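Working notes, beginning with the structure itself.
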Amino acid sequence: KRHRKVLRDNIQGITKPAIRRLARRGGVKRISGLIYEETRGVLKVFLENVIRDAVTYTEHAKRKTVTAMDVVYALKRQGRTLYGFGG
Amino acid sequence: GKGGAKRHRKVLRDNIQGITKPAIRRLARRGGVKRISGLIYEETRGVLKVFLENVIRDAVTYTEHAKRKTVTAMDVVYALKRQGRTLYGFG
Amino acid sequence: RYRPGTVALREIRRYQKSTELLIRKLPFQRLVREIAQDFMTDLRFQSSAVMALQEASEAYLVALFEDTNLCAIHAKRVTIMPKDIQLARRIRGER
Amino acid sequence: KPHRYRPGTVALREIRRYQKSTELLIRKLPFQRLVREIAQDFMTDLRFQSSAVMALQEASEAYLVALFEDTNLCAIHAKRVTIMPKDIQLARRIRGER
Amino acid sequence: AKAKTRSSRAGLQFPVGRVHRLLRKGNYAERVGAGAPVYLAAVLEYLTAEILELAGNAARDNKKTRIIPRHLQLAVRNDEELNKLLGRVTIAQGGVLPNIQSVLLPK
Amino acid sequence: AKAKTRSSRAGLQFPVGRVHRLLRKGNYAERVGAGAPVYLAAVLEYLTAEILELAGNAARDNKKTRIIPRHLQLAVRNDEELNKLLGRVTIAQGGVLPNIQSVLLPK
Amino acid sequence: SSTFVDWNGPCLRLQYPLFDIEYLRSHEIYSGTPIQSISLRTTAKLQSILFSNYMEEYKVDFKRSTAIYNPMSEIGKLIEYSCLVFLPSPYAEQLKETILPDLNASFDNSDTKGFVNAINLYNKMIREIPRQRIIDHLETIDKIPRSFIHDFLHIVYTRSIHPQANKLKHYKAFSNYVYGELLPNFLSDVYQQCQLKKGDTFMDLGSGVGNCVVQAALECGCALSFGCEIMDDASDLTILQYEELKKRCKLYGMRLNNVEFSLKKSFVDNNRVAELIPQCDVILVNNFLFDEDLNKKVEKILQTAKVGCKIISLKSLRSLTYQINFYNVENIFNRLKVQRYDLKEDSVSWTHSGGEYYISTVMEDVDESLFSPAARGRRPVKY
Amino acid sequence: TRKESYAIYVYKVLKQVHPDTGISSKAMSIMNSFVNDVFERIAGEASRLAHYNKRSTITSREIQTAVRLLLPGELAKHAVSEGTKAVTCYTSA
Amino acid sequence: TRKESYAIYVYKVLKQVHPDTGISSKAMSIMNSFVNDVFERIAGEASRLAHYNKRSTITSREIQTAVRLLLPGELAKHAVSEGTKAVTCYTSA
Amino acid sequence: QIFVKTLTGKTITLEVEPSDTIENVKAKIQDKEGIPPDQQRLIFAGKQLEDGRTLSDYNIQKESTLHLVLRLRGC
DNA sequence: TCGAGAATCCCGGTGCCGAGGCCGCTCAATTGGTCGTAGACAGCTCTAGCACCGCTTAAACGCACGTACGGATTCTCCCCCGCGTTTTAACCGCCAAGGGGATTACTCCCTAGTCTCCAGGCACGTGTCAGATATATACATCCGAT
DNA sequence: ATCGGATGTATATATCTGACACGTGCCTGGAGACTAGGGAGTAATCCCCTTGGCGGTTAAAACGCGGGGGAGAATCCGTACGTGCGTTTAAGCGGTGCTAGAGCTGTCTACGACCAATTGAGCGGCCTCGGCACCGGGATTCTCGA
Ligand SMILES: C[S@@+](CC[C@H](N)C(=O)[O-])C[C@H]1O[C@@H](n2cnc3c(N)ncnc32)[C@H](O)[C@@H]1O
């Protein structure tokens with residue numbers, strides 16, 4: 001603990017039941033034991049891409065707050081337009 | 001004995017068999033396909049027809065807006081770019 | 001005791017007919033914050049932005065799992081396995 | 001008897017041949033006729049500048065080749081080497097085209 | 001003279017004037033036709049009317065008189081054309097339609 | 001008052017002037033900055049240099065001194081970053097990278 | 001072993017005296033001058049079944065490009081129709097057994113000598129037949145093949161339109177004044193669906209070369225078949241086609257009803273069209289690419305349409321988002337029962353694929369379909 | 001500052017089609033985002049069309065062609081019908 | 001009339017990088033299309049960025065951000081460094 | 001008795017007499033559904049009913065069907 | 001098939017908080033003028049897309065052998081579902097401070113605009129050599145027999 | 001496994017050849033030099049919304065234990081797709097001619113930009129009540145092991 005609390009891994013925070021529920025919403029009857037780590041990795045990559053884009057928007061705006069419009073524009077850039085948060 | 005018609009235009013026939021079985025075979029071989037089922041040919045002809053109808057419809061819409069009777073290469077390039085199929089070498 | 005595959009189908013019905021977020025809010029918020037700590041500046045992450053990120057991530061993973069289930073069914077299996085996800089992301093063009 | 005290659009050898013030979021080549025694998029005139037027929041739906045007479053038909057052929061061949069790459073990946077995922085129409089349908093469904 | 005909104009002239013609920021100002025201020029072109037904002041407002045109103053009609057049908061079928069994101073999602077995805085238009089779009093709090101593959105159902 | 005091109009000032013081969021004129025006439029914004037065309041021309045020159053460097057390497061691998069569309073295709077698709085940039089792009093007369101799935105080769 | 005004519009094809013039942021028996025019995029010598037097939041661009045002479053003094057030359061040669069015109073196929077069709085329609089028993093039997101096998105074999109094998117010999121023997125065998133028996137059979141006819149009038153109209157088309165077919169490509173615009181024909185099969189289908197009958201009136205808005213007008217007047221016996229056209233090239237071709245049709249109809253003894261054309265002047269703001277719309281029983285409008293303004297003008301014209309009048313079209317006359325708020329209570333489109341049907345293959349001349357076509361019947365009352373919001377939809381919604 | 005949106009017009013169209021149905025704030029925001037997204041799509045397509053033809057004006061023809069290109073199938077036909085009807089009604093005033 | 005293109009500058013860059021290597025007309029056209037497409041991508045992204053921040057101008061900052069958003073990975077870093085070098089050299093003289 | 005059909009697909013029943021005039025029917029529709037008189041137009045047999053005329057002028061039959069059009073905006 | 005047993009649906013009552021409607025108050029849409037110029041129409045040029053024909057021969061197509069791989073069956077087995085108990089951390093609710101995201105006001109440097117000058121690049125033309133194509137041969141690879 | 005036979009194809013050299021590279025006219029777009037407006041930078045202030053914490057509750061996660069059901073491996077069938085060969089088809093080349101549709105140039109007239117005055121549409125704030133969420137209990141429907 002120096003000046004800011006460096007967050008721990010927190011990718012295990014996407015728990016096994018959470019990934020199970022996400023699969024169940026997709027119409028998945030059975031899930032392999034290795035699906036959980038694979039889904040964690042895929043989610044990490046996707047979040048890295050989208051958050052990198054959103055932070056690029058924010059730093060261009062000379063802001064230190066990642067506004068919801070930044071996330072919406074980042075997702076619109078990636079062909080994943082999100083409705084319900086403005087645009 | 002055989003009948004005929006032909007009115008003001010040479011009405012082209014189905015002409016999707018012109019995309020022959022060897023042509024689809026070569027296209028699959030370029031894609032790394034070692035073995036091709038016998039039903040791939042009709043399915044691929046249908047897929048090619050659907051894709052070509054979409055692209056040509058967009059290109060002819062572009063031509064319609066331009067008040068032209070000629071589908072220029074730019075029309076096809078813009079139609080393909082609209083679908084995310086951006087084509088280089090023609091404009 | 002219900003047989004295997006019964007409660008799984010009941011869960012599929014429960015979560016397909018419902019719209020609440022399936023990831024816990026705070027763990028996903030912390031994950032988003034760490035993913036953004038790669039930039040030295042301490043970001044503030046307007047709460048609607050975290051919610052939008054969770055919406056997008058959940059929708060993306062749901063669609064990915066639909067594709068994974070289709071891949072698994074294509075292979076004469078009902079158990080999705082990591083090669084199914086890899087195939088889905090490869091066919092989509094993400095890998 | 002005459003020298004005959006076992007199945008799959010000449011298939012790999014054509015894969016290697018056509019992967020290092022760039023010429024069009026669909027013949028020009030049949031594809032041109034197909035394009036003209038697809039555009040015959042509109043009552044107007046269209047001219048199809050010669051570069052436009054070539055561009056359509058490039059785009060169609062690239063689309064079909066990528067589709068067959070995806071189909072081959074799907075078939076190999078199913079523990080098979082023979083692509084089948086189910087494979088093309090799966091590839092187009094996952095791609096978002098259906 | 002008395003002011004009369006162009007939306008009233010076109011019989012449109014959507015704001016033809018705001019659409020014209022958005023087209024001019026959006027820098028879509030150097031100049032914007034007079035009939036362009038009317039056409040665009042009419043198209044937007046039609047698409048909104050279609051989606052709202054289907055969403056209200058969904059809400060009525062669910063015995064609810066208030067459209068929520070779930071009803072919009074059902075309306076969009078149940079209709080092939082609207083789904084294809086909004087294929088790459090995510091609707092927040094929409095969920096996904098009930099769809100269990102026939103292979104997964106019990107034998 | 002000798003005329004010195006802005007590309008010469010920036011040490012760029014690409015046309016800073018034409019880039020500025022295209023940005024002005026492209027309806028991208030009401031006004032275009034003075035340093036913007038220099039930056040965009042520099043980026044375009046760098047990317048063109050990357051494609052041409054890799055394409056010339058491919059041509060030298062084939063013992064050919066003219067870059068053809070096949071060499072551009074090899075340059076783009078053999079580089080991960082350029083392929084990702086041009087993932088949705090089709091290069092005419094480019095072909096495909098030589099690749100065969102491992103299980104398809106004979107045992 | 002194949003025949004030029006589908007002998008088992010649909011048979012159209014004649015509902016009026018199609019064959020002018022009085023004209024044939026009163027006139028024995030042909031004086032008209034149809035465009036000879038030889039003049040279009042080894043020869044064989046086909047002898048007219050009814051008029052002894054007329055003989056038509058055909059360039060019988062199986063080495064030219066028959067993509068545009070096939071004189072040998074026409075000769076085979078005419079001999080088969082003589083065997084089928086214009087000849088009584090026992091002559092029909094001998095004409096069928098003697099010529100048709102040899103003629104079909106020659107056509108299949110491209111035997112020029114055999115084809116010419118078949119034509120010559122056919123002419124010799126027709127010449128000895130009394131004309132009285134032939135006219136009596138034409139008097140006693142009550143049905144003929146549906147393809148007969150189709151091939152007859154195509155013969156007139158080849159004499160008239162093929163020599164100047166390219167002139168039809170002078171339309172300048174992409175979404176108006178563009179020329180496209182509807183094949184006679186589709187015309188027979190819609191005329192049967194719309195129940196055209198003797199004494200009815202047929203109008204065709206944008207008749208082009210007048211295929212629909214002449215076909216209606218022939219195979220439906222309309223009291224007046226009307227057609228309006230604007231294009232000058234299509235107008236001149238319509239004049240040529242009607243003259244050729246009159247000559248050919250006189251050649252075969254077929255009565256041609258009152259056919260009227262308003263050429264080189266738009267149907268919009270037209271007096272003749274305005275006064276003829278009230279008495280119309282069928283109105284065919286090829287609005288496949290008519291723009292919205294021309295659709296509105298057609299609506300304005302059709303306001304005066306009567307009850308029971310059926311309007312054939314390639315696209316719906318009513319815009320698919322048509323409603324009734326203020327300026328529709330006095331409008332005709334409210335009373336239009338619109339019924340969609342699917343176009344068959346080879347139904348239209350501009351393409352082989354097909355599509356859809358709508359028949360709009362003018363009802364006594366307002367159409368009940370538009371009131372239900374379900375009909376207004378493009379095509380339940382629950383989890 | 002005033003944050004403009006299509007809320008009142010979306011509500012008016014809702015009462016036009018469904019007089020006895022309301023719409024929630026999240027659904028209202030989704031509809032507003034949809035209207036903005038489709039407006040941007042059609043306007044950008046019309047801008048590209050005008051640029052391709054070297055034309056400086058976005059007329060009703062450009063928007064009609066853009067609507068034909070964007071919307072699939074019957075949606076395009078009905079939207080073009082609505083746009084042409086609106087333009088015809090507006091010009092006659 | 002004159003049809004402008006990036007052919008001469010692509011050739012100059014080629015002779016800068018590979019002095020002994022030519023380029024074919026088809027390859028030159030493909031390179032021209034690549035330059036035009038990347039120009040359109042970067043300019044459109046910069047226009048969107050200017051609109052989002054309610055800015056009427058496209059200065060070097062919007063172009064740099066568009067390059068960061070568009071180019072992946074090391075391409076973005078190298079392009080940004082090259083653009084910064086070009087702008088600094090241009091402003092120095 | 002008669003029936004009236006509205007654009008929303010709702011069938012509404014009216015109890016009137018042949019001597020009844022169009023105006024009283026119009027107010028009857030008003031009081032049962034709240035739609036004011038000036039906004040509503042009546043159609044029968046493809047003919048618009050006139051306020052000065054009456055039902056017996058148009059020869060209404062028993063168990064007949066009328067149509068009601070609501071003035072939303074107009075031109 | 002029947003019984004027992006767990007989700008799930010529904011009925012009613014209660015509670016709540018956010019959608020709907022109302023009230024000001026801006027200020028952005030509307031009206032009314034001119035005025036620059038975009039582009040619709042007309043006329044002319046010209047070159048390229050359509051159409052035709054003939055010949056060569058490369059490629060498509062039909063058929064036959066055969067073999068290997070897709071599909072079905074059967075077996076093991078291990079891993080992932082379902083359920084129960086403990087544990088852990090999300091969640092809600094509430095407090096607090098303060099970071100910085102809006103917002104306004106001032107200045108003033110940057111860029112649109114325009115005018116004139118001029119040289120960089122695009123059309124055209126011509127040299128000439130990289131690449132394609134010809135054959136001919138060496139070498140690598142597949143496959144059958146031992 | 002290893003040795004020859006046949007095959008494909010790779011390498012090599014010779015001879016074209018038309019497309020690439022370079023030279024030149026010039027003209028149209030780029031560059032230099034004011035001018036003036038306003039968009040953007042910078043400074044000050046408000047207070048919204050963010051961080052952090054904290055404590056209590058309670059749903060959800062994690063751990064552990066059957067066990068049976070699906071994944072994977074092995075075997076066998078047979079048929080359907082690969083490979084050659086001989087025939088047939090028509091693509092491709094290679095000439096010629098038509099003419100009409102794309103492109104460019106020249107009016108000039110409608111149309112949209114711009115600007116100033118006006119005010120009603122539309123948005124920010126605040127009731128307020130009823131449609132929807134929660135909770136208790138009863139009915140319904142499916143699931144599973146006999
Ligand atoms: C698609 S063709 C139909 C020809 C013919 N009715 C048929 O179906 O075979 C349409 C014809 O309508 C004509 N047309 C289009 N607009 C017209 C108008 N406003 N007034 C008169 N004729 C018109 C054109 O000349 C064109 O030949």
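Numbering starts fresh at 1 for the residues of each chain in the structure tokens, the chains themselves are lettered A, B, ... in the order given, and ligands are numbered from 1 as they appear.
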### Message
How would you report the residues lying within 8 Å of ligand 1, as a PyMOL selection string, if you count only C-alpha atoms (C1' of nucleotides) and all ligand atoms?
### Response
(chain D and resi 43) or (chain G and resi 171+176-183+204-212+227-231+234+264-268+284-290+294)
### Message
Please identify all residues of chain D having at least one atom at most 7 Å from any atom of chain B, considering only C-alpha atoms, and return them as a PyMOL selection string.
### Response
chain D and resi 8+11-12+14-15+18-19+25-26+30-31+33-34+37-39+45-49+51-52+55-56+59+64-66+68-69+72+81-85
#### Entry: Shell around residue G:356 at 7 Å using only C-alpha atoms (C1' of nucleotides), local window under 3 positions removed, as a PyMOL selection string
chain G and resi 314+340-343
Can I get the selection written as an mmCIF file, in the first residue's frame, with C-alpha atoms?
```cif
data_model
loop_
_atom_site.group_PDB
_atom_site.id
_atom_site.type_symbol
_atom_site.label_atom_id
_atom_site.label_comp_id
_atom_site.auth_asym_id
_atom_site.auth_seq_id
_atom_site.Cartn_x
_atom_site.Cartn_y
_atom_site.Cartn_z
ATOM 1 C CA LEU G 314 -46.687 -4.942 -60.602
ATOM 2 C CA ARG G 340 -51.111 -10.019 -53.946
ATOM 3 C CA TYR G 341 -49.984 -12.996 -56.019
ATOM 4 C CA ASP G 342 -46.594 -14.419 -56.960
ATOM 5 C CA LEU G 343 -45.216 -14.002 -60.470
#
```
### Task
Using only C-alpha atoms (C1' of nucleotides), determine which residues lie at most 10 Å from residue I:32, disregarding the query and same-chain residues fewer than 6 positions distant; provide the list as a count of residues only.
13
### Task
Return as a ChimeraX atom specification the residues belonging to chain A that are within 12 Å of chain L, counting only C-alpha atoms (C1' of nucleotides).
/A:5,12-18,29-32,64-67
I need the residues from that last selection saved to file as an mmCIF file, in the first residue's frame (with C-alpha atoms), if you can.
```
data_model
loop_
_atom_site.group_PDB
_atom_site.id
_atom_site.type_symbol
_atom_site.label_atom_id
_atom_site.label_comp_id
_atom_site.auth_asym_id
_atom_site.auth_seq_id
_atom_site.Cartn_x
_atom_site.Cartn_y
_atom_site.Cartn_z
ATOM 1 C CA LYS A 5 -4.397 0.834 -3.357
ATOM 2 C CA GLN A 12 -11.549 -14.363 -10.276
ATOM 3 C CA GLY A 13 -14.276 -11.939 -9.171
ATOM 4 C CA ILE A 14 -16.063 -13.133 -12.301
ATOM 5 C CA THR A 15 -16.945 -16.238 -10.350
ATOM 6 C CA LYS A 16 -17.743 -19.698 -11.669
ATOM 7 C CA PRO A 17 -21.508 -19.291 -11.012
ATOM 8 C CA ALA A 18 -21.442 -15.948 -12.848
ATOM 9 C CA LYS A 29 -26.963 -27.080 -20.969
ATOM 10 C CA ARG A 30 -23.481 -28.273 -19.932
ATOM 11 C CA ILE A 31 -20.229 -26.381 -19.365
ATOM 12 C CA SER A 32 -16.724 -27.816 -19.362
ATOM 13 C CA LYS A 64 -9.988 12.264 -15.554
ATOM 14 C CA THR A 65 -13.487 10.694 -15.412
ATOM 15 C CA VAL A 66 -14.461 7.927 -17.830
ATOM 16 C CA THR A 67 -17.922 9.195 -18.751
#
```
